[PDB]
Asker: 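Structure incoming, see below.
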Amino acid sequence: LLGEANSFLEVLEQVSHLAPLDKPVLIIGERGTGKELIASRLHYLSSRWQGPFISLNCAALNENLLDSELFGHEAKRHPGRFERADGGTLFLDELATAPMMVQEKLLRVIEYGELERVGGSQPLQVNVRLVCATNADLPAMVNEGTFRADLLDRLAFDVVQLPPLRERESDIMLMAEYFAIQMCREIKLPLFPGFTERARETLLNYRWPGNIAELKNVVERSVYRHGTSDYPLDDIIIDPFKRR
Ligand SMILES: Nc1ncnc2c1ncn2[C@@H]1O[C@H](COP(=O)(O)OP(=O)(O)OP(=O)(O)O)[C@@H](O)[C@H]1O
Ligand SMILES: [Mg+2]
């Protein structure tokens, strides 16, 4: 993982302590900030490192399909993500989009380690270390009535705050250089020719709403359009949709 900003190195240190626990971990951060890599690192540094690492984007699924995907369904049965994560770690992204029904059932699995079943089948016990992520303000959602406080009192054992790229200014050029160099290997340029000061200013003054994912994509496109090692990269193409 790239970066040397102090906020980021403190995140890695915090992860190294949290990983060995079985407690749930909440990661707060914007899109493209590295949340799922952190979750993965929590898994591989824990004692479950040999178990499954399963991830799910909650905002991708309608209420009934999310319900089925997390908790499974019958009526001979489709196992949900908690079953597939048994002995391992489940990463739930976009937690704040989960409907209240899902949030409440999630509380029950954290509390009582089991998934109940429709039918004459008895409830299913599961053993899963949970990591969840969002950018929302969950305390504020609790005030609004759109996120459950009972859930947050079990889910938020501790909180990993991943800083946005605009607050890791010192890692911007370091990461752009790394991504530029990988893109030079991909298009077979002999050497990355460097960034002009103008390119640097463009990179450093942009607020990066998509953070590191967006940085990578902008840098790759830019290197490709530049297309040579004979002079430094001057034109950073932030927005490829801009017209004529
Ligand atoms: N510290 C880092 N060093 C190297 N690559 C990174 C780093 N952080 C993020 N990335 C890369 O940037 C992209 C975004 O990372 P990732 O998907 O894990 O972020 P996220 O917060 O999970 O975002 P989202 O849910 O929007 O996908 C990926 O291409 C990933 O490899
Ligand atoms: Mg991702």
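Along the sequence shown, the residues carry numbers beginning at 1. These numbers come from the heavy atoms of this one structure, side chains and all, not from hydrogens, waters or symmetry mates. Numbering of ligands and ligand atoms starts at 1, following listing order.
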Asker: Classify the angle between the aromatic ring planes of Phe53 and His43 as parallel (below 30°), tilted (30 to 60°) or perpendicular (above 60°).
Answerer: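 Ring orientation, 0 to 90° scale: tilted.
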Asker: Does the protein place a non-hydrogen atom closer than 4.0 angstrom to atom 9 (C) of ligand 1?
Answerer: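 Yes, there is one.
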Asker: Between the main-chain N or O of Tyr231 and the side-chain N or O of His226, is there a donor-acceptor pair closer than 3.5 Å?
Answerer: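 Checking the backbone N and O of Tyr231 against the side chain of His226, a donor-acceptor pair under 3.5 Å is found.
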Asker: Just by modelled atom types, is the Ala19 backbone N or O under 3.5 Å from a matching donor or acceptor in the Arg129 side chain?
Answerer: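 Checked: pair present.
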Asker: Go through ligand 1 atom by atom and flag the ones less than 4.0 Å from a non-hydrogen atom of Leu1.
Answerer: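 That gives atoms 3 (N) of ligand 1.
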Asker: With the threshold set at 4.0 Å, does a side-chain nitrogen-carboxylate oxygen contact exist between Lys23 and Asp158?
Answerer: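 No, this pair does not count.
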Asker: Just to be sure I read this right, does ligand 1 sit under 4.0 Å from the backbone of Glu30, its side chain, both, or neither, counting only heavy atoms?
Answerer: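 It is the backbone that gets close, since no side chain atom is under 4.0 Å.
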Asker: Any nitrogen or oxygen of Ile212 lying under 3.5 Å from a nitrogen or oxygen in ligand 1? Just yes or no.
Answerer: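 It does not: no N or O of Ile212 is found under 3.5 Å from an N or O of ligand 1.
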Asker: Would you call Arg117-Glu83 a salt bridge at under 4.0 Å N-O?
Answerer: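 Looking at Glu83 together with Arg117, the answer is yes, because their closest N to O distance falls below 4.0 Å.
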Asker: For the side chain of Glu30 and the backbone of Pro164, is there at least one donor-acceptor N/O pair under 3.5 Å apart?
Answerer: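 Here the side-chain-to-backbone pair does not exist.
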Asker: Where is the nearest protein heavy atom to atom 22 (O) of ligand 1: which residue, which atom, and how far?
Answerer: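 Ranking protein heavy atoms by distance from atom 22 (O) of ligand 1, first comes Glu36 N, 3.1 Å.
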Asker: Who's the nearest protein heavy-atom neighbour of atom 23 (O) of ligand 1, and how far?
Answerer: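 Ranking protein heavy atoms by distance from atom 23 (O) of ligand 1, first comes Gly32 N, 3.0 Å.
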Asker: Please indicate, with yes or no, if any protein heavy atom is found under 4.0 Å from atom 27 (O) of ligand 1?
Answerer: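 False for atom 27 (O) of ligand 1.
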Asker: Report the nearest protein non-hydrogen atom to atom 21 (O) of ligand 1: residue, atom name, distance rounded to 0.1 Å.
Answerer: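 Minimum-distance protein heavy atom for atom 21 (O) of ligand 1 reads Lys35 NZ, 2.7 Å.
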Asker: Is the closest side-chain donor-acceptor distance between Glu36 and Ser55 under 3.5 Å?
Answerer: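 Their side chains do contain a donor-acceptor pair, which is all the 3.5 Å distance test asks for.
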Asker: Test of understanding: clusters of I, L, V, M, F, W, Y form through side-chain heavy atoms closer than 4.5 Å, transitively. Do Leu66 and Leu151 belong to the same one?
Answerer: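 As far as the 4.5 Å side-chain criterion goes, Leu151 and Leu66 are connected within one cluster.
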Asker: Could you tell me whether the side chain of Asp234 and the main chain of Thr196 form a donor-acceptor pair under 3.5 Å?
Answerer: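 Absent.
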Asker: I need the nearest protein heavy-atom contact for atom 19 (O) of ligand 1: residue, atom name and distance, please.
Answerer: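 Going by distance alone, atom 19 (O) of ligand 1 is nearest to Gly34 N, 2.9 Å.
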Asker: Please could you name the atoms of ligand 1 that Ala213 approaches to less than 4.0 Å, counting only its heavy atoms?
Answerer: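 With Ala213 as reference, the close atoms of ligand 1 come out as 12 (O), 13 (C), 14 (C).
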Asker: Which residue and non-hydrogen atom of the protein lie closest to atom 31 (O) of ligand 1, and at what distance in Å?
Answerer: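 Residue, atom and distance for the closest contact: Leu37 CD1, 4.0 Å.
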Asker: Is a side-chain N or O of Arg221 found less than 3.5 angstrom from the main chain of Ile238, in a donor-acceptor match?
Answerer: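 Yes, because the side chain of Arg221 sits within donor-acceptor range (under 3.5 Å) of the backbone of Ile238.
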Asker: Report the nearest protein non-hydrogen atom to atom 5 (N) of ligand 1: residue, atom name, distance rounded to 0.1 Å.
Answerer: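 Here the nearest protein heavy atom works out to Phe179 CZ, 4.2 Å.
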Asker: Give the numbers and elements of all ligand 1 atoms closer than 4.0 Å to a heavy atom of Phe8.
Answerer: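 So the atoms of ligand 1 that pass are 1 (N).
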Asker: When you look for heavy atoms under 4.0 Å from ligand 1, do you find them on the side chain of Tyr178, its backbone, both, or neither?
Answerer: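 Looking at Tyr178 and ligand 1, no heavy atom falls under 4.0 Å.
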Asker: Show me which atoms of ligand 1 lie under 4.0 Å from any heavy atom of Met175.
Answerer: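 Answer, ordered by atom number: 1 (N), 2 (C), 3 (N).
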Asker: When you look for heavy atoms under 4.0 Å from ligand 1, do you find them on the side chain of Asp93, its backbone, both, or neither?
Answerer: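 Answer for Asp93: side chain.
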Asker: For ligand 1 and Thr33, I'd like to know whether there is a polar contact (N/O to N/O, distance under 3.5 Å).
Answerer: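 Yes, since at least one N or O of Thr33 sits under 3.5 Å from an N or O of ligand 1.
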Asker: More than 12 non-hydrogen atoms from neighbouring residues, nucleotides or ligands closer than 6.0 Å to CG on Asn143, yes or no?
Answerer: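 For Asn143, atom CG is crowded (more than 12 foreign heavy atoms under 6.0 Å).
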Asker: More than 12 heavy atoms of other residues, nucleotides or ligands under 6.0 Å from CD of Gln161: yes or no?
Answerer: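 Counting neighbours around CD of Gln161, 12 or fewer heavy atoms of other residues, nucleotides or ligands fall under 6.0 Å, so no.
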Asker: Which residue supplies the protein heavy atom nearest to atom 3 (N) of ligand 1, what is that atom called, and how far is it?
Answerer: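 Looking at atom 3 (N) of ligand 1, the protein heavy atom closest to it is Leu2 N, 2.7 Å.
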Asker: Around atom 29 (O) of ligand 1, find the nearest protein heavy atom and jot down its residue, atom name and distance.
Answerer: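 In this structure, atom 29 (O) of ligand 1 has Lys216 CD, 4.2 Å as its nearest protein heavy atom.
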